[PDB]
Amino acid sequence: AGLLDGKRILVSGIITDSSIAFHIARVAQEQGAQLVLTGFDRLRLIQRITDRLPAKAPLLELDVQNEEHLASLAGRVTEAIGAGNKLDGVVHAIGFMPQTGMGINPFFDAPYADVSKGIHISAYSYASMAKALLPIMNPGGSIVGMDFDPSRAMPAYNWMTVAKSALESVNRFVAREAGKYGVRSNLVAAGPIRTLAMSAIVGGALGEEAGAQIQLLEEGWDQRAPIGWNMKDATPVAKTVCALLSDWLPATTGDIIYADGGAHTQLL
């Protein structure tokens, strides 16, 4: 086969071996992609984690709140992949919201400065990364960001859901710019995945009530999904991101693909 054979793809967002971006990177290399990775603050830890990927991949530092990192990103990537080559895919899998904007801290008590940091990292940065990278992307390219369905409110996720609503809207504008380069921009809305942090939260890290509510949310997800949902398995989400990075959804942009077991299409 080789779904992504020959494609050069930048993958951001790996922080632990349970990160959804770690599985996206693994599956993309299994599929023939040549990768460049970006990591945020603990580069030594990230390098050690990505050593377990099937193939080597250069790791570049990128703090999306750092204008300088962003301004120099395209030059560093070109250096990593070689003059004359461009990227075919970009994976944005970054997100963050201060504790005051999630959990049991009341929705009305999150200070704007925390919300703003969260929106900067989780939403604005999708536009930041596309701005930095489209100049070095090939026609037929694909930009994919990680989302979760924020069309209805829900317990605990609070401001992070607002940040996803902003992100879905940013994606539709990025598609307009990306289109001028022959590039698609889309998001994958995933079901809940037991990442290290999510496990910490279910385990009570942000208050017992938030944990109980997240837990309830996960069970209802598998019940509602007509094909079921396994929160411990990120592979189905990684495969979907690879589908969008491939040439097999060439007429979809500014769009959202739901890799959630079909749960969002069922009331109960």
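The numbering used is simple: start at 1 and walk along the sequence shown.
As stated in the PDB record, which stretch has the larger average Cα B-factor, 87-95 or 68-76? According to the entry, 68-76 carries the higher average C-alpha B-factor.
Greater mean Cα temperature factor according to the PDB record, 128-136 or 100-108: Between 100-108 and 128-136, it is 100-108.
Looking at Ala243, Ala225, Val27, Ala210, which one carries the largest C-alpha B-factor according to the PDB entry? In this record, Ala210 carries the highest C-alpha B-factor of the candidates.
Ranked against its chain, the third holding the CA B-factor of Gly82: It falls in the top third of the chain.
Where does the C-alpha B-factor of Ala197 rank in its chain, lowest, middle or highest third? Tercile = highest for this residue's CA B-factor.
Which third of the chain does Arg8 land in by C-alpha B-factor: lowest, middle or highest? Tercile = middle for this residue's CA B-factor.
Ranked against its chain, the third holding the CA B-factor of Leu268: According to the entry, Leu268 has a C-alpha B-factor in the chain's highest third.
Considering every modelled residue of the chain and its Cα B-factor in the PDB entry, is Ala205 in the lowest, middle or highest third? Top third by C-alpha B-factor.
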